[PDB]
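Take a look at this one chain, the form deposited in one PDB entry, written out in structure tokens.
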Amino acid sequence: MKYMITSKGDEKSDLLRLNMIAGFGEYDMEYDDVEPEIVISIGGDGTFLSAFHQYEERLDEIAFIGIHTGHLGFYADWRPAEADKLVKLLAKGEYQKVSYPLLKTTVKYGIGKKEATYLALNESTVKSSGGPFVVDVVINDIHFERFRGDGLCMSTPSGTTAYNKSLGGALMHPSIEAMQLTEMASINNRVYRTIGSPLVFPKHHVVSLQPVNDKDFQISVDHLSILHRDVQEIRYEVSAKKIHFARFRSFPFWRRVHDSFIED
């Protein structure tokens, strides 16, 4: 079917891309980067995240595949030595699709500057634009805590092995439709109090961050960081949208975790 290939842009990834395009030319495979049905990412997880964001508006029409030309990337299923096998298997259509949950972030502004919405495959984080970070954390309209510290991170299940992990979060199997909120260096004393623990939320729960004094925030979505001014609310919820992977063999999540953090 229609496919496209993104490359990290080093010599190794560019050459692999050109060789895969040549292999696909031996099948009924049209290169089409406007409306692909298969998106192959050649690089690392950053390359994969960029491919995801390039096609975030057609996620229900696309199956993603990642090839890692460096160390095993987490969203990668293939080493470069297997590209020819992948071309063949993709050509014949011999693959199941697996879906991972995504995170929706809504940023609301004052002075009628509307809403912006973002989709995350790894996480969305929030920090101050300089000066202390203080937000009220509201869970399904329940005032839960006032957070003072460096920032907050809201992770998808597949993101839990990324920034979330470094912040002390739990690793969550991606079949669980959830998001996980972790703290970045909260202050805790007789006067300031947060929960400390990571929090795991199901689908349909809404976590709202509400400014207390300063209204300017640096908001990251995967590796894109943007300054938002005059923020009234940041709202997190598990997205109704999902990312779909083409799978050709068993590579269970927990084996992926083992291979990335324990030994490989």
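Start at 1 with the first residue shown and count on from there. We call the rigid core the largest set of C-alpha positions that still match within 1.5 Å between the two forms.
Unmodelled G149 in at least one third of other entries with both flanks present:
Modelled in all the others, so no.
Hey, does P198 show up as a hole in at least a third of the other compared models?
In none of the comparable entries (those modelling both sides of it) is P198 left without coordinates.
So 91-99 or 115-123, which one's hotter by mean CA B-factor in the entry?
In the deposited entry, the stretch with the higher C-alpha B-factor mean is 91-99.
Of 229-237 and 195-203, which one has the bigger average CA B-factor?
Taking the mean C-alpha B-factor of 195-203 and of 229-237, the larger value falls to 229-237.
Name the residue from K104, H71, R148, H173 with the greatest C-alpha temperature factor listed in the entry.
That would be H71, according to the entry.
Just grab whichever of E82, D141, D136, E183 has the top CA B-factor as deposited.
Among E82, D141, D136, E183, the PDB entry lists the largest C-alpha B-factor for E82.
Could you say whether, by C-alpha temperature factor, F48 belongs to the lowest, middle or highest third of its chain?
Ranked within chain, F48 CA B lands in the lowest tercile.
Ranked by Cα temperature factor within the chain, is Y109 in the lowest third, the middle third or the highest third?
Its C-alpha B-factor, which the entry lists for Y109, ranks in the highest third among residues of this chain.
State the tercile, meaning the lowest, middle or highest third, of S208 with respect to the CA B-factors recorded for its chain.
It falls in the bottom third of the chain.
Where does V257 sit by CA temperature factor within its chain: lowest, middle or highest third?
Tercile = lowest for this residue's CA B-factor.
Taking only the Cα B-factors deposited for this chain, tell me whether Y75 sits in the lowest, middle or highest third.
Tercile = middle for this residue's CA B-factor.
If you look for the form deposited in another entry, you will not find it shown, but the lines that follow are about it.
Core fitted between this form and the one not shown: which of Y100, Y163, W78, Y192 shows a C-alpha shift of 2 angstroms or more?
Result of the superposition: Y192 is the only one at 2 Å or more.
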